[PDB]
Amino acid sequence: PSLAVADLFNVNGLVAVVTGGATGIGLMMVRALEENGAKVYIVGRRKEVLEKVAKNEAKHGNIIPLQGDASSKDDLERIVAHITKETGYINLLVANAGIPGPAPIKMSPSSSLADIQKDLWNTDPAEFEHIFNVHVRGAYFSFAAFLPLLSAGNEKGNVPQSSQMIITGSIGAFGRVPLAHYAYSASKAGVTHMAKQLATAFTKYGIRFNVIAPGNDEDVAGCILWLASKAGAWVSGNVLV
Amino acid sequence: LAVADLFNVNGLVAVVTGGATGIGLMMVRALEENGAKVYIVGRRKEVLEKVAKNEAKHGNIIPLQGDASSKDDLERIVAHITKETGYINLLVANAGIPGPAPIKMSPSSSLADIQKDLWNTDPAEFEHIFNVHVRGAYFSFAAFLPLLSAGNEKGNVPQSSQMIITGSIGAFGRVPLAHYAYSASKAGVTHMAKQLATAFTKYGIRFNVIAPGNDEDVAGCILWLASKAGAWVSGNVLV
Amino acid sequence: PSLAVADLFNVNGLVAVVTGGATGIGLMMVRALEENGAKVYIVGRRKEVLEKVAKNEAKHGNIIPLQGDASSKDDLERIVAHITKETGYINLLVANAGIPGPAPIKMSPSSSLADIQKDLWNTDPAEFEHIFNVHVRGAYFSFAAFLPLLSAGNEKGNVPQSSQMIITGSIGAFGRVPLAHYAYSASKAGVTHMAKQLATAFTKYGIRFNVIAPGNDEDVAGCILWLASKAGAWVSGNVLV
Amino acid sequence: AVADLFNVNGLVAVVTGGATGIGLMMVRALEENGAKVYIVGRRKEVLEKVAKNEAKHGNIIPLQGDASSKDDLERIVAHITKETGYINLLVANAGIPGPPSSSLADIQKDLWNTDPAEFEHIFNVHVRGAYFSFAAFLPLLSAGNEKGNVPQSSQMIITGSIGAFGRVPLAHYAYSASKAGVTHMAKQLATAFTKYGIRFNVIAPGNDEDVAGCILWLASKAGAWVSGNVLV
Amino acid sequence: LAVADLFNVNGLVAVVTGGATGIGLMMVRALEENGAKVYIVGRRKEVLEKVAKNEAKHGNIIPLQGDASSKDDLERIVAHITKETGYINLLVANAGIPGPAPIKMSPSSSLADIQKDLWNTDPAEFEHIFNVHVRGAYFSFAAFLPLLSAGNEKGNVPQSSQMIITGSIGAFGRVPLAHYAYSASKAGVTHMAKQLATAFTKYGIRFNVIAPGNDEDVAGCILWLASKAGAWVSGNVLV
Amino acid sequence: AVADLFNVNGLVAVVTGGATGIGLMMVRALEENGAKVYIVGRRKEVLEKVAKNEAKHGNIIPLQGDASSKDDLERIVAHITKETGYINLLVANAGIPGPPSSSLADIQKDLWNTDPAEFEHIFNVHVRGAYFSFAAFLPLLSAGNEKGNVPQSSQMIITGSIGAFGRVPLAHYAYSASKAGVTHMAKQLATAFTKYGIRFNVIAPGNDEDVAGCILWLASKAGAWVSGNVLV
């Protein structure tokens, strides 16, 4: 049944790789992807949370933890070495540029005007532009790692759609400081700059690049399921708010 | 949270203008197959009944003869749906179906024919393609404006009532200057859509645009847009 | 005293001409201008409201009514004929393009969804673009009328500042229909399009052109007093929101 | 090799305003260096006067006709197709119809009688003219590709003038009305018709050599891979 | 509603960084003459006291030595005002007074001198002019952030507390590439201003920009901006 | 008059990359038609090899030097000022340093070792080069106005190349890194230094005649009132 939803937005037997694992949106996407039948490899530097995700939110048992710092270079060689031997191909890459980036936690409070003052006092404004570089840097090297596996997913033909790299990001603790939009757009500008350039140079291969920018769990499920599935095989270069 | 529950259009009372032709057709099919009462409007009942009795997979396609350009015919079709069902949740207006000439007479495949088409089309008809789309999206929403809010009050679906606006370029699609007519139509629906989105989204009605390419793409969009997936989709325009 | 406020934002003995008279903002500006000592001619097609303004809000008695339809062409020749003989020169022109434009009143209500429906039903969408043309058309011909008087205010030297044409507009009853911003930007686009072109061609003479776009009575007083006075003699081409 | 690079020898051009001005300044630079320039203007006395006066090699061919009426347009190419059967360059001056600043009083009445819709009308004519000018010469221009007398592709250089609106203080309004006019239509023709091997270019509105520089750089093989560009 | 009541700065506790020099000077004068307690900050007390004892018309100009680049000196001056007055309503930070070199040594009026200036200025100093302005506006607001809200709580003026940001291009003003340095400074203050305006206007603090030309113009702006006239002026940038 | 309009006779040019490429394609079109072209490159063996091989009239003068080091820059003009004392054209190739696509695996390691800050670095060098290239020749270029050997004003045409980054699949990144680089500095120089009688122009990054068309149209008197423009 061609346009029955169960066949259109089908991700059954899709081999995805999600950086950050739990993350924020990543979990919201990892849930929506495995639940509908997809091999979701989740990467993170804290294995206990990877293990929590793989066996508390997994509805069919396909979330596969893999410890590794995306920032860490050789750890990326390790993880590509692992998946190439276990599965040999991936179809989706959901890189969270800057999961190894901004501090995901702020010990100081943020409510009283004084708490806000010291938070600004210890935030050097160059850290906002650093958020940019972190996201630009990560998407570049994260895409670089899975480049063979990503096209390998084109040659194995387990899905009608093309291989895809969906890019996301987070601002970490900057979501709780009043100067959050500064960090948000600093992060958004990062992934879009790298994505547009990767799309121009590598969409000519079997990899389309897409962006989801940072709320309900159904908004992201809709997107990730429409984007990676057969329903969204002819969508490349877009940025979804 | 599985696809069958998220991208469900079950019990959606939609109204797709244009007469289930082209993008319109690909949308009524994808909506009815997955369970929606789709009223289809057009000025030629002969073609309206064919789709209902040829492409409907569950038999929930209800034809309705009417000129969208005619205001009184628009008043009638709203009058019909208000008593038969009393509420609509989706409106897929194809701005400019009562617009550009759908079928082209003269040959379009020769340097002379290309010249012949260029001489006999006044360039203001490109500006007219724009103007028609502004008129259609505006007046189609006005017709179903109460009916659409009834779709929030009957609460048969969690999503907000929605007006998806699209258009066609008619016979201009096989003239070498199609992009001109295309963007003329694209600009029409978007300009009016942002004016309606700004003015009426505060009334619980989302506005969205699908632009004038497999039936798999249109099904994806129309189903992602109208379902609970994509309940927080307002102001977007889809290429 | 050069930078004492009473001398900086001084409009004392300034000869202004305000189209619409009461208007909405026009009154708010006519009050701020005469109160601080300026000959304010007010123009409108309904003399009773011109007479009400001139002798209820006038604090020094300088609001001078003058009946006339700005849309009406020969009425403009009449009013320039009158002021050239009475005073012979003007320094400020506050034209409200489209005071002879959109309907300033809507008999139908606007609350119930049905009232909104019929209001849209009887509003042809071409009336929004007509709001544009009305404002573009009016500023052109309104400026045209006072062109001699405006430079006459440069030769008489009653103020250190240059002669000025401040342009405004209103959407009339469209302020009460839900599709108001459509009319607002339709009106704003009108005055700015004509203003930019008049500024390019005629700022090379002694007339700078400025725009105030459509709340408290002090916001407008601040603007009109800062703009037309000596404090704002080197401001041309700006658009004040 | 300036003489070989910028060769316009044997170029079949057609300029719709080669007597009005600029057209003239450019028909001269084109014929002098060896291009058969057909000249269009609605007052023929001046077109032939321009010829046998400004032809430095004697290759300037006048023909009476105004660009606004299309009945004149089939007339012109029907003749032009019979002499040569093919054109390579078209320098259309969209808006051939086109349209005492002393004392402010004269200026007041000067604009007092200029309806501002005439500026928007300056726009509309220019959009229509390039469209109908291209529509007229569409076969002949590609025929110039089949005769293969030049290495470059067929070209339509689009321009316009504001005429008497050049004198009113509100000239920039008319200039931009024309500037926006010719470019808007040019972008629609370039996307839709460059895929038929025809480049479109625009020169926007005064020296005898700056314009000559342009017309010769674009019409020569030097300007063979320049399409969609605009030039002041 | 007369000018003397609208454009009043009476009882305004302002703080103007840079040291009452240039636009800063023209602003402290226009503010004190019309009645405002203006604290002036700079790193050279000798020039700070001159303006206080030469250009003050009512004697309400209070000098304060301090490096705006030095954070601890910024902590001191805030500590001083918090006990002496306890509240500020206006902050006129001149971002990059502790920035570009104010005075130029070498001759600037010769093709050789122009070349000499071009060879000895690394082009990253233009990017540095930008970066300094981002740092100054950011950290100056951070210093007085509590103090500024006190100016809303003491209620000595109806307007909201305000941070007006400006800057200087230093010695680059008489180098032929001044516009480069000018816009480098202009971009600095505006980029940071919109980030502060977005983040902190919800705390009752307006942000505005005056860009780096008679003393009559600056008096007009600074007085229109800070007074009750212009109480609803936020997000603007003034050329 | 093609031969007189596009006259480059007796033009004192200086191209900083007239051996690398494009520079060569343009030094040729300039010297051949009579312009004394000084050529810069950091490997002199190839610069003199280009001369006495590509000089069609024998007017190509090499000089060893890399544009990045300014110590080389005073060296070059100190010599160039002594031979002639004045320059009219400067075609600077900002970024003279500049910088096996088979199989995806080679490509993975190819980018794996390219730090993305090197693309931003491609930008920075080009901004610095035009600045320091102009700073070097600033006196000599205006001296070319005082010698009055040409009717046109002195000109600095700015270009750059991405070198080996032209081969990585992410070349457009490097191209735009260079394209944005040269134009950003060019706009700052044009506003600040055109008031000193020096026009600035940019050609952005391959035929022997399309580039020749440009370099000759701009360097001639034809391109005398073209300043601030950019050309593909």
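Residues numbered from 1 in each chain as written, not as in the entry; some residues may be left out. Chains lettered and ligands numbered in written order. Heavy atoms only, no water.

Method information in the entry identifies X-ray crystallography as the source of the structure, with 3.30 Å recorded as the resolution.

This paragraph deals with the sheet that holds strand β3 (residues 60-64) of chain D. Residue and element names in this part refer to chain D. Taken together, the seven strands give an open sheet; going across it, the order is β3-β2-β1-β4-β5-β6-β7, and neighbouring strands pair in parallel fashion. Where the open sheet ends on each side, the last strands, each with one partner, are β3 and β7 (230-231). Relative to strand β6 (residues 198-203), strand β5 (residues 154-160) runs parallel, the two sharing five bridges. The residue bridging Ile158 from the neighbouring strand is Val202, located in β6. Strand contacts of helix α7 (residues 171-193): β5, β6 and β7, with the helix running at about 165° to β6, the strand carrying the most contacts. (Pairing = 2+ DSSP bridges. Helix = DSSP H or I, 4+ residues; strand = E, 2+ residues; numbered from the N terminus. Contact = heavy atoms within 4.5 Å. Axes fitted to C-alpha atoms, helices over the stretch in contact; angles between N-to-C directions.)

All names here are of chain E. Position of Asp67 among the secondary structure elements: in the loop between β3 (61-65) and α4 (71-84). Its relative accessible area of 27% is what places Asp67 among the partly exposed residues. For the pair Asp67 and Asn131, spaced 64 residues apart in the sequence, the C-alpha separation amounts to 17 Å. Those residues in contact with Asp67, other than ones at most four positions away along the chain, are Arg43, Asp73, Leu74 and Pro98. Of the polar contacts made by the side chain of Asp67, one reaches the side chain of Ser69; its length is 2.8 Å. (Buried < 20%, exposed > 50% of the residue type's maximum accessible area, 1.4 Å probe, protein only. Polar contact = N/O pair within 3.5 Å; in protein donor to acceptor, adjacent residues only side chain to side chain.)

In this section: the arrangement of the chains. Spatially, chain A and chain D are disjoint, and the shortest separation between their C-alpha atoms is 21 Å. Over all C-alpha pairs, chain B and chain E never come within contact, reaching a minimum spacing of 22 Å.

Along the chain, E:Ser149 turns up in helix α6 (residues 124-153). By relative accessible area, which is 12% here, E:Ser149 ends up buried. Dropping the residues within four chain positions of it, E:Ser149 is found in contact with A:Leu113, E:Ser161 and E:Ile205.

Attention shifts here to the interface of chain E and chain C. Listed per partner, the contact involves 20 residues of chain E and 22 residues of chain C. Between chain E and chain C, a total of about 2,000 Å² is buried, with carbon and sulfur atoms accounting for 69% of that surface. Connecting chain E to chain C are one salt bridge. Between E:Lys228 and C:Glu218 there is a salt bridge whose closest N-O contact spans 3.9 Å. The interface formed by chain E and chain C holds three residue pairs in polar contact in total. Elements supplying a minimum of two residues to the side of chain E that touches chain C: α1 (3-6), α2 (23-33) and α8 (215-226) of chain E. Counting residues per element, the side of chain E that touches chain C draws most heavily on α8(E), at seven residues. Class assignment for the residues of the side of chain E that touches chain C results in 13 nonpolar, two polar and five charged. (Buried area = accessible area lost by both parts, 1.4 Å probe. Salt bridge = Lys/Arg side-chain N within 4 Å of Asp/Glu carboxyl O. Nonpolar A, V, L, I, M, F, W, Y, C, P; charged D, E, K, R; others polar.)

This part covers the interface of chain A and chain B. Listed by partner, the interface residues are 22 residues for chain A and 20 residues for chain B. Both sides of the chain A and chain B interface together cover about 2,000 Å² of buried area, and 69% of this is carbon and sulfur. Linking chain A to chain B there are one salt bridge. Broken down by secondary-structure element, the contributors of at least two residues to the side of chain A that touches chain B are α1 (5-8), α2 (25-35) and α8 (217-228) of chain A. For the side of chain A that touches chain B, the element with the highest residue contribution is α8(A), accounting for seven residues. Each residue belonging to the side of chain A that touches chain B can be placed in one class, and the counts come to 14 nonpolar, four polar and four charged.

Moving on to unusual backbone geometry. All names here are of chain F. The backbone of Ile22 shows a phi angle near 60°, a positive value even though the residue is not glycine. As for its placement among the helices and strands, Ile22 is situated in the loop between β1 (11-16) and α2 (23-32). Phi is positive for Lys52, which is not a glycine, with a value near 45°. You can call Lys52 exposed: its relative accessible area is 78%.

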